[PDB]
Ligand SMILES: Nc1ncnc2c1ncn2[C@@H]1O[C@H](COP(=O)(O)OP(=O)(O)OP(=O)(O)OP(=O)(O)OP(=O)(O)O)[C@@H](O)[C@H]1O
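Consider the single chain below, provided in structure tokens and representing the form solved without this ligand.
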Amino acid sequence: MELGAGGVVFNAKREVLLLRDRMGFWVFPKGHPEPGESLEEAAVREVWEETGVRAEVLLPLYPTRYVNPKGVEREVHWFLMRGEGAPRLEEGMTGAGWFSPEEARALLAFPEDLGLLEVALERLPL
């Protein structure tokens, strides 16, 4: 299986960072860890590479699993992160921004991501 590292990033206004892929789906930023890289380090780096936002890991959430369109099993480990500043649309992306929990609940494309959002909010320091 191929591990992945992703982030549910929140700013000081308790808004979450979402990106819209080439297919028009709103999702959380995630990527592949490099050799010898901890998943936490990978999450920080992938968030920067995928959104242009500098973020830090606050706490671990939980992993999600699925089989990619090519038949490969993926297990993405998610982290609750705090970030600031405005994002930028990376190559292929069709949208990016900060959203309130209510707005995110209405935009997230993948069903499993709704649960991630709620657990992230429960653990995010008030």
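If you superpose the two forms and keep the largest set of C-alpha atoms that fall within 1.5 Å, you have the rigid core. One rule holds for the numbers: they count along the sequence shown, beginning at 1.
The discussion below concerns the form solved in complex with this ligand, not included here.
None of the heavy atoms of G97 is located within 4.5 Å of this ligand in the entry with it bound. Contact check for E112: a heavy atom falls within 4.5 Å of this ligand in the entry with it bound. Although the partner is absent here, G31 is a contact residue: one of its heavy atoms lies within 4.5 angstroms of this ligand in the entry with it bound.
Under a 4.5 angstroms non-hydrogen atom cutoff, this ligand in the entry with it bound has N68 among its neighbouring residues. With this ligand omitted here, the record of contacts in the entry with it bound names 60-68 of 80-88, 60-68, 97-105, 36-44, defined by a heavy atom within 4.5 Å. With the two forms fitted on their core, the C-alpha shifts between this form and the one not shown stay under 2 Å for all of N68, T94, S100, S38 except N68.
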